[PDB]
Structures are given as structure tokens and as C-alpha cells.
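Take a look at the structure set out below.
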DNA sequence: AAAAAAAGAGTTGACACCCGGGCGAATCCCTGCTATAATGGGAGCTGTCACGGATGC
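Numbering (the UniProt record's numbering), first residue to last: 195 to 243.
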């Protein structure tokens with residue numbers, strides 16, 4: 195989309211966000227984010243950063 | 001110089017017949033009635049644009 199939003203449409207139907215189709219499958223919750231973006235650890239407010 | 005008849009008309013009975021209207025008979029169309037248990041549906045694009053307009057917050 196022009197707004198940088200992924201839109202999925204099945205059989206040229208009304209456009210809806212791909213997050214709905216992803217949640218329809220087994221992958222739910224933060225599993226869709228853990229598989230797309232990597233996570234980096236950080237300290238729990240130590241000296242400085 | 002005269003004077004009556006095959007056609008031309010006109011009918012008068014004498015069949016030949018040809019669809020019409022009935023009498024039949026033979027046969028079509030409608031309608032309903034069947035009693036174990038039946039319980040939500042199958043394609044179709046999706047390889048043209050572009051314009052010109054109609055809804056919505």
C-alpha cells in the first residue's frame with residue numbers, strides 16, 4: 195500500500211490487512227514478529243547503556 | 001321475283017360428386033395419491049486503461 199501497509203486479497207475480493215490472514219493460521223501472537231524481525235538484548239538499566 | 005333450317009338461345013329432366021355436418025370410437029391431458037429415515041449450494045473472474053462520475057467521515 196502507499197501507506198506502507200501489507201494488504202492481502204483472495205480472488206480479487208475486498209482488501210484487508212495480511213495480519214488477519216496470518217492470525218487465521220496457527221502463527222498467532224508475537225510469533226509473527228519473532229519470525230520477521232530479529233531481537234537484540236539490552237541490559238536492565240546498568241551503568242550507562 | 002319468293003321461303004324455311006344449322007346454329008344461337010332457352011330450357012328440362014338425369015346423373016356424378018364433393019366437401020359439410022353428424023354419429024361414433026378411440027384415444028389424449030389433468031389431477032391427485034404413493035406412508036421406514038431422508039433436513040443450508042457451485043461457477044465466476046483475478047493478464048486493458050482511462051475517464052467520469054457516485055458515495056463516506
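The C-beta atom is built at its ideal place from N, Cα and C for all residues, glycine as well.
Legend entry - Nonlocal neighbours in the same chain, by C-beta distance under 8 Å from residue 211, ignoring five residues either side: 199, 200, 201 and 202
Legend entry - Same chain, Cβ closer than 6 Å to residue 195, neighbours up to 5 away in sequence not counted: 201
Legend entry - Extent of the continuous alpha helix (DSSP H) run through residue 219: It is not in any alpha helix (DSSP H) - residue 219 carries neither H nor E in the DSSP assignment.
Legend entry - Enclosing alpha helix (DSSP H) for residue 226 [first to last residue]: 225-228
Inset, instruction - Measure the C-alpha to C-alpha separation of residue 226 and residue 233 and round it to an integer number of angstroms. - result: 13 Å
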